[PDB]
Each structure stands twice: as C-alpha cells, then as structure tokens.
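Read top to bottom, the protein sequences are chains A, B, C, D, E, F, G and H.
In this text, residue positions in the first sequence follow the deposited numbering: the first is 155, and each later residue adds one.
FYI, the numbering for the second sequence is 49 to 83, 92 to 133, 143 to 276, 282 to 291, going by the deposited numbering.
FYI, the numbering for the third sequence is 49 to 83, 92 to 133, 143 to 276, 282 to 291, going by the deposited numbering.
FYI, the numbering for the fourth sequence is 15 to 42, 52 to 54, 58 to 244, going by the deposited numbering.
FYI, the numbering for the fifth sequence is 1 to 73, 78 to 175, 183 to 233, going by the deposited numbering.
In this text, residue positions in the sixth sequence follow the deposited numbering: the first is 1, and each later residue adds one.
In this text, residue positions in the seventh sequence follow the deposited numbering: the first is 1, and each later residue adds one.
In this text, residue positions in the eighth sequence follow the deposited numbering: the first is 98, and each later residue adds one.
Don't be surprised by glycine CBs; every beta carbon is placed ideally from N, CA and C.
Worksheet: the structure to be examined is printed underneath.
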Amino acid sequence: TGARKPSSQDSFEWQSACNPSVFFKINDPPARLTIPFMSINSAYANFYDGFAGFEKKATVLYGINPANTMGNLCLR
Amino acid sequence: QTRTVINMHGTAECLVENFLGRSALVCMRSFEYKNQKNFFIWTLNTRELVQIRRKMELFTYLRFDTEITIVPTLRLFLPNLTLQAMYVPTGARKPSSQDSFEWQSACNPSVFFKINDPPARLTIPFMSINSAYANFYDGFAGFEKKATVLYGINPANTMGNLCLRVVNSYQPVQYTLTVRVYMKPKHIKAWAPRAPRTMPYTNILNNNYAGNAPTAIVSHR
Amino acid sequence: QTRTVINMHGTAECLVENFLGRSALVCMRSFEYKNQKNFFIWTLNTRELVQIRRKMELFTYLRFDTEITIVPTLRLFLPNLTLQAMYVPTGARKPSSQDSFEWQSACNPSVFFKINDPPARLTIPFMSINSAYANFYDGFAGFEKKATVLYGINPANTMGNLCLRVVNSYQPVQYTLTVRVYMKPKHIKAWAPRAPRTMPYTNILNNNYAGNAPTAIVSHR
Amino acid sequence: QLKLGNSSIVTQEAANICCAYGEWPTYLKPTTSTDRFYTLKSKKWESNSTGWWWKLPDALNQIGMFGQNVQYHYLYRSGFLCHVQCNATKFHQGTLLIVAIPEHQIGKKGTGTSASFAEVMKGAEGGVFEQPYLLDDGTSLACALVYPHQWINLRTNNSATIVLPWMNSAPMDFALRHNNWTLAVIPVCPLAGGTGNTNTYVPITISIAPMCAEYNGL
Amino acid sequence: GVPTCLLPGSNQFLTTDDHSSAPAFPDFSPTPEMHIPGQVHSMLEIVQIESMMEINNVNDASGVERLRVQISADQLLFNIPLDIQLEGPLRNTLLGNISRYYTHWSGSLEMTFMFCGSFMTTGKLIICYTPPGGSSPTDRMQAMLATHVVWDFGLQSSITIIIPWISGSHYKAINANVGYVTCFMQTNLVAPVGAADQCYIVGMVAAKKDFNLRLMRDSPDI
Amino acid sequence: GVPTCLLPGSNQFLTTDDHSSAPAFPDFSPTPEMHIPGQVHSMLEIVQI
Amino acid sequence: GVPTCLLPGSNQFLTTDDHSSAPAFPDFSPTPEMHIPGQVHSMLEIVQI
Amino acid sequence: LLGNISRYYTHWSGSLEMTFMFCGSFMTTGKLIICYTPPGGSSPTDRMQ
C-alpha cells in the first residue's frame, strides 16, 4: 500500500529495487509468497463503523479502514 | 484525511544491511538473432539505475559481496538454448566477439545454464584493491595533467565485467534474447554517510546536475 | 599512471591446489548429423590447450584426481537426445564406430544423460601405473632403436580415452552436436618445478619451438 | 594560544573541540618537525559572497616542509586540525557553516564534461561555490550537516575547530591527485554589519595543522 | 537413496530470498578491512543527525535564501507543518529524504531555531506547537494558550523545542495531516545605530532515539 | 554431492499443504499485538454462546 | 516424504564449483605415493627461488 | 620467475632481493654505486643524484 500501481505492462514500476517479486515459468511448480501481517492496525477489521477521511462528503466511502489494505499483487 | 495510529516497532527494517542489501534489476539488455555480434557485455556498477544509485550514494564507503542473478528470456518472431555467463575480473581482455578465445579460458570463472532452468547466480566476493568501494572520489585515475585521465574515477573501484554468450546463437528461428541482471549486496558495511542527492542525472561517469528547479528544490508555496 | 595501495593478504590464492585445480575447457569437438561415423573420441591430456599446458608444465611431477564435465550443445539447421560418455581406460580397444560392441561392455564405465539435463560429470581417480604424472620424460616408450618408438612419451602417463556417443544419432532433423569437455584436477601434489616456457607450440607429442624472437624473448628497448 | 611544533596561533576556544566522527587522528617501514600550523591567506566575506572551499592535501602540496615531503615522498597519511576565525566587531551579524565534506566530487552546472584539474585543484588559493545551495555536488546545503559541521555565529561563537582523522578506504594514499577532505566555509546568512560599509571585508582566517603525519619512500 | 519432494514455489526466483549461493572464487581472500571512521549500522542513526530546513520556501526566495527567514521592523513570522511528505519545509531534511523511503513512520522530533543577528540586537519570539487536528494559530492570543516557549535573542542564541511522537502514512488517496509549529513576533526587533535592521533565523530538525521507520518503498523524488 | 530422489507426488500443488514458504520480507517485524478483548480459540467455543 | 526446494542457481554449471562427484571407480585404490624430492605447496615458494 | 609467475596474478605486492654477481678475473678491481629510486622519483642521470 502507498506505491504507484504499474501503469501498463512495459512500466518502470516492474524495474524497482523496493517492490518484492517472484520469477517463475509455466512448466515450473506454482509460485508462493508469504506476506507477513501487513496492516498498520494491530489486527484486520472485517467491519469498520467509521470513515477513511475527515471530509463530510460522498468522496470519502463509509466503512473502509485504509489501514486494512494488504497491498496489491501484479502479475506480468 | 488520514487514520494513522502506528505502534512502536524494532529497528530490524531500518538496518543498512536490509536497506542496500537486496536484489535490484540493474541491466535489461536485449539482442536480436536473425539470418558474430550481439553478445552481452556489462560493467558492474551501482550507477546504472537512478534509484539504487541514489540509495548507494547516501554513503561514502561501503563493503559488500555481490550476488549477480541472471534471468534469461526468449522472444520468438520455446527452444532450450545454452547460455554461458563469464565474470571477467578487472585487467583481463574483454571478449572481442561471440566466437572469441577469451570464452575458452582456464582463469575466468563462468556458469553454464539453459532457459527452462532456474535463473543463474554467482556471488563475487568484495573484489576491489581498495579496502572499501568509494561512491565519490575527489582525485584522478592517472598522473597526466590531460583531459585523457577522467576526473573522479577510482580505477580500484571497478568490480570487473560480466559477459553473457548464447552458445546456441545460430538457430533455425529468428528471435530476441533479453538478459535481466539482478544485483544484491551482502554483509554491507557503510562509513561516512553523504547528503542525499536531489537533482536528476546526466551520465554514470560524472555527477553533473541539469535540474523542482536548481534554485529551489521544494515546489514553492 | 596508477593508483595501487595493496594491503597484505593470506597465501590461500597462491596455493598449487587452487592454481592447477579448477575446470578448463580442453575439447570443443563438433559433429554434423544429416541424411556410422562422427562419434566423439578424445585422448585425456593437459597438452591440448596452450594456457593449461604451460600452467601444468611449470612442474615436473604432479598427482591429481580428474573431474571430467561434459557439456552437450545442439545446433539445428530442441529435441532431448540421449548421450552416453564412456571412459575407456588405457589398454582397451577404442570404439571402431558408433554402432560398436565396445559400447555394450560390462567393464568400461559410462554415463547416460540428455541435453536438457545438467552437464555430466565423472571423477577418474589418479589412474597412471607410475606414482605421479610426468609432464616431461627424458626416455623412450619401447626398447627398439627405431623411429617407430617416439621420444619423450611415457606410456604409463596415458589417462585413458573418453568416447561420447549420441544414442539418438538417426533423427528427422539435420543438425550439429558440439561436445565441450572441462578438466578439473583435485588433491594436486606437485614436485620439481620447471622453468616457465616462453616460445609457442607445434604439436602435443613434442616440445619443438619455432619462435619475441628465439634469439630475444623481451621486446628490445 | 595553540602551538604545534615551532609555529603558534592565538585561539578563542570556549567549547569542546569536536573530533570528526569522534576519532582522534593517529598513524598506523613508513614513519618530522612539519606538524605545524599553516595560516592560509585571509578571505573577504562580502555581503554578496557565495562560499569558499579548500582541499586539505591539495591546499598543503606547496606549503613549507609538508609540501616538500609530499613532493618528495610518493605516499602520505595525515589527520588535519582545521581552525577557522571569522574576525568581526560586536556590531556585525551573520552565520558561517564549516563543513568538512569527505570526498566532495565537484559537479559543474549545465555541462556534460566533468571538472578538469584546473577547476578542482585550486591549491592554497582555494575554490568558490558556483551554487552554494547545491554544494556543487547535486546534494542540498540543507543536507550538508551529515558531514563534520560547526557554526561561526557572529554572536557568541566567533571561531570554529574541526579535527579530521584519516578518512580513506586504504591505510595510505597519494596527496598529488587525491583529496580525502574538503573544508568548506559557507555563509548561511549574508554579512549585515550595516556601518555604512566603512569596512565590508570581515576577513576569514583558515589555519590547517597536519597531525600524525607519516610518508613512505624517501 | 534419500527421498525428497519438490514443494510448490520450488524452481522460482524470489527477488528478496537470502541463501548462500555457490562462490565464484572458492578460496580467494577479500582485502582485509580496517577501522574506517564514521561507522553507521542503521538509518535510524542517520536521522539522529540534525538537518537545516527551508522555512522561507516562498517563490521570491531563490537558492540559499530559502533556508533563512527575514525578521525586522507584532505580526506572524512563519508556520511549519510537521508533515514529512507534504512537500513542506521538512522535505529537504535528512528526516524527509530518509523517511520518503519508508511508507510507515512514527516518533518524536527536536527542532533547533538559531538566530543570526548581531550581539547587541535583542527581541522576543513566541514559538507555539499545535497538536494534530487543531487549526494553525493566526493571533498571539491563540499562540499564548497552546504549548509555547518565549525565545529571547538577548540571553539565548539558539532555542530547542521537543515535539512529542507524531505519525503519518500515504496508504483512493487522501494523503495525511499532522500538527503545526508557528512563530509570532512577541516584540519589536531592537537594534542599535551600528547593527543592520534586518536579521535572519535558520531552522534545524532531528529525530530523537524514539523514531521508527517500518515499511520500505521507492522514493518518488527521482 | 548428497544423493536425493524426487518421490511421486513431487512437483504437485496440494491445496491443503502446510510448509514454511520463502518470506517476501526477510527481516520485517509485523506490528506488535496487544490484548484485544473476546479471544476465541475454536468454533466449539462459539456454539457455547 | 522430506520436503526440498530447488533454489535459483540450481541446475547450473558453475565452472569453479567444488563438490564430491560420483566416483567412476567405486572401490579402486590409486597407486600408493612415496617421497618424491622437491615438494612444493605454493607458488609463493617458487618466487623465493 | 617473479615476472612469469606474477603475470598469472593481477594484484601483487611485496619486497624483493636483487643479487649482482661480478664475472671478471681475480686480479681485476673497481667500484660501482648501486642506487634505488623509490616510485614517483625520476631515475638518476648523474653520480651526484
């Protein structure tokens, strides 16, 4: 969470020195990663009776803890 | 506009070893093959990629053992071609061409792998004459008061060269082979941290800044 | 014109074991296959490659166990052909042809591998009758006062022969198979170091020098 | 009144003389009366000034017995005691930042070619920052405090002291064409001794003492 | 012989794996290392080193002029957000540059304000710290109520303010906000006929030993 | 070197296997946990309610 | 059976690797060695001459 | 032997001993001055140097 998503397949984000990744091929066994407990908050909340932002606007969605995001997985 | 209550942690993540010391894609060279040349030559330096270059230039002196991992990739217009990655140390003649005598050496270390095999790895130990790599050097390589000798290049800092040859170069199919090189330092020891750089780069051989303007870094309020 | 301040090190690098004892590409034979012959026969000797020949000829007597690593390579005009590498010791009839009875032996050691598999290795122990290999020999193989008996060939120094057969020789495709042989001595013990050679070579069976001139080695000032 | 060997210099020390990274300089076939204070030419600190820099081995290649040994001997190894005195009345104001940059790779602005031997190797004369804000290094003057730093504030702190050990990745190196240290005096706030510009000079005095000096090859 | 089983995730290249790969040189000895001064073991030691800040980051300020705030002949002097990713005064600082490599950060700070006037010149400033959420002060009465210090040039050359532990993260994108620090002209600037009417104040920031950086990400600076 | 033999059922993905896969972050420390009220260890405790 | 995982750099031929490859002759005894005069252990001994 | 052995190694460092042997008669007599100029210094051209 908080890293720019790959804009396209041929994107600079793939050639990063900070984002972890795995290289495998089809005939090889299926790839595995073990992402540790990743959230800012000391436990994942399935339900959240709050708001992500402070704005009294429809722009801020209801019941979304922005700490609960586990990040994104991008396969190229 | 934010929900941040961050509990206190350890100092494991903010170690220099865990900062500099992990794999980064430094080289992404490609080579056409169709109906003598297009062999892979690469100088070992941390200055090729801007991000890792700045991260390394945060410190003056630093020692590490380099894990070079080569990932092959075939792009046909998949056959299991044989690849040989030769690590030629500094002061050895570079392979003149693909069919060169330097490949058939009894002194230059190398690895033989193929495409379907796992990507190849070597661990080159701390290789420099000097007791630590100097990212910056306020001197000259030679003694001549001439433009021939370049400014700020320690000739001991050279880590040697890596040369990849596709043994099965001549094949019935026209294609492109793209070599990916991943550099991972190990047992990193750092001394004399430098001021973080702000302005962009021009070339690997020099620290010229062109210009977030050269008269003002932060976007003015 | 130089920047060299070399700190004192250990003597690990300058060991005879670490000098002579590491893999070197000795044989690079190729074989066409198209619409009975073109089998691989190679005499085990350190004299085929000039660099390793000089490095070995630095010493008179030396014992080692030989790691022979065979690297296959297919070059089509990739199918996974079966390769058999047979190590025939001295005093055994050489395979007359590819389809020869010598391959179906119960006494000659051999290895079965394929192209996509890792390159094959054997470790032939210290094989000679004589208690150490003699790079130079000031004698004769036979007792006859005839030109038939060659000068300076110890018949005990022969390490035997290596014969590689492509089992899948007859295939629908016309191609070339190139065999690479890597020789690595192990537990090297050396006695009576010789004067390093200067002048080039003529043949493996003889030490004739043709001629950096034969009347002056160093380029005269 | 500090004194090393024969030469002496009158100081105004009032606080602990901070050693660069807390290491007192020391020497460790190679090895002696040249360990004396050399007072460089005074530099005018005008209100429109940018900043000055001396490369210490470069600065002392031509000065006295130290210069003679460097010209004769093929190697060296020496710590440096740098004393900077900004001399001004109680009426003047401003701030000098003294930064001892290790391996200060000079960087030209808006050019492809690197700095030549002339622009880098000023010697005793010393150099001038083209862009003080960027240290001629691509870095920021804001970030310049990671290096061994001190402040001459024209109120309270009228002198600075730096004690540089042997900063190099070899036990010994060459003085003729290598610069371990770069002592840079940069005016953070412009001099504003508004006395009708009777004397706008307020000259800076640099004094370098090569301590624990040894050489290899007579 | 001994059985073995190729688990899923075998024959893959993890880009963050740590294993002892086969040595290119088996018995080669690297050049022996000696005591290079200025040893560093963590970046948390780097942020301990104080760094100057661009308080005067207005468009009219070009080059080193951005690093010093003008003070001369009871109005607001300057305001500084404590956000180390909002391209504020803190962006250039060692704190900002190092922390922008880390998504998650939290800890206390120490800010040193150094005066650059003459010895004879004298005056008072009120430096107030507004915790996060609270609107930045606009008048002395707001400043005199919050956690503040009366900084005097006459007695003390440089003042130090310890900001208690703060936190922020980028993690849709709504950014973040943390408390401010403001300075108000408590009195006039007294200067004799000799010393210049104009004076400059320079800012300094450092992280205490309680600072922490957790999640490593690429810095978008270059 | 040391011999090994790829048993049948090797190079397969069991969907209920339990093994310590290679860590994405090697030396990263997860956020320390504290006493959240209402600890549950089994669903047999849930049906008690 | 016992789990194992093929690390990157597996199924590669390092030209400077050192491992005990499978013996061509399992129980063959090489010709016993005796004291050949002029033993040398390093080239650093050669340059002494 | 120094040159031939060292040309197999890129990095080298150490002290040397040089022996000059005279090949004249027993009766013949004379004096030579053998000087060593450390690195960097120009090679001597006259007895005074």
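Query: Under the three-state DSSP convention, the category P93 (chain E) falls into; Result: helix
Query: Residue environment, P220 (chain A), which counts as buried when at least 16 other CB atoms sit within 10 Å; Result: buried
Query: CB contact flag (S73 (chain D), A218 (chain D), <8 Å); Result: yes
Query: In DSSP terms, what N59 (chain E) is bridged to; Result: Paired residues: none, contrary to the question.
Query: CB contact flag (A206 (chain A), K183 (chain E), <8 Å); Result: yes
Query: Exposed unless 16 or more other CB atoms sit within 10 angstroms - verdict on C228 (chain A); Result: exposed
Query: Buried/exposed call for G204 (chain C), threshold 16 Cβ in 10 Å; Result: exposed
Query: Collapsed DSSP secondary structure at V232 (chain C) in the structure displayed; Result: coil
Query: Residue span of the alpha helix (DSSP H) that contains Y98 (chain D), given as start and end; Result: 90-98
Query: 8 Å Cβ cutoff met for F166 (chain C) and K251 (chain C); Result: no
Query: Neighbourhood of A185 (chain C) by C-beta, 6 Å cutoff - its chain only, sequence neighbours within 5 removed; Result: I126, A150, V176, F178
Query: Endpoints, the alpha helix (DSSP H) within which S103 (chain H) is located; Result: 99-103
Query: C-alpha gap between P174 (chain A) and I189 (chain C), whole angstroms; Result: 45 Å
Query: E123 (chain C) and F28 (chain E) closer than 8 Å at C-beta; Result: no
Query: Chain G contact for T16 (chain E) (CB, 8 Å cutoff); Result: no
Query: First and last residue of the uninterrupted beta strand (DSSP E) at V216 (chain E); Result: 210-218
Query: Same chain, Cβ closer than 7 Å to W192 (chain D), neighbours up to 5 away in sequence not counted; Result: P39, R103, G105
Query: Exposure of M118 (chain E), with buried meaning 16 or more beta-carbon neighbours within 10 Å; Result: buried
Query: Short-range partners of chain C found in the stretch 209-235 of chain B, where Cβ spacing is below 8 Å; Result: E209, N219, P220, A221, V232, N233, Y235
Query: Chain A residues whose Cβ lies nearer than 8 Å to that of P23 (chain F); Result: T188, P190
Query: Neighbourhood of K254 (chain C) by C-beta distance below 6 Å, restricted to the same chain and skipping five residues each side; Result: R119
Query: Residues of the stretch 97-126 of chain D whose Cβ lies closer than 7 Å to any Cβ of chain H, in chain order; Result: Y100
Query: Where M34 (chain E) falls, given that 16 or more other Cβ within 10 Å makes a residue buried; Result: exposed
Query: Alpha carbon of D60 (chain E) to alpha carbon of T285 (chain B), nearest angstrom; Result: 11 Å
Query: Through-space distance from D143 (chain E) to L80 (chain E), alpha-carbon basis; Result: 8 Å
Query: CB of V125 (chain D) within 8 Å of CB of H175 (chain D), strictly; Result: yes
Query: Touching by the beta-carbon criterion (3+ pairs, under 8 Å), the stretch 64-77 of chain B and the stretch 238-248 of chain B; Result: yes
Query: Partners in chain E for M56 (chain B), counting only beta-carbon separations shorter than 9 Å; Result: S110, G111, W169, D221, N223
Query: Test item: CB-CB of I230 (chain D) and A150 (chain D) under 8 Å; Result: no
Query: Helix, strand or coil at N200 (chain A) [DSSP, three-state]; Result: coil
Query: Stretch-stretch touch, CB-based, cutoff 8 Å, three pairs: the stretch 61-70 of chain D with the stretch 21-31 of chain D; Result: yes
Query: Closest by C-alpha distance to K116 (chain D), when choosing among E:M52, E:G9, E:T126; Result: E:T126
Query: Chain E contact residues for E167 (chain C), given Cβ-Cβ distances below 9 Å; Result: Correct list: empty, because the minimum Cβ distance to chain E is about 30 Å.
Query: For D164 (chain A), the nearest candidate out of B:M76, B:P237, B:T267, B:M56 (CA to CA); Result: B:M76
Query: C-alpha gap between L132 (chain C) and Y81 (chain B), whole angstroms; Result: 14 Å
Query: Residue ranges of each alpha helix (DSSP H) within the stretch 117-167 of chain E, 4 or longer; Result: 144-149
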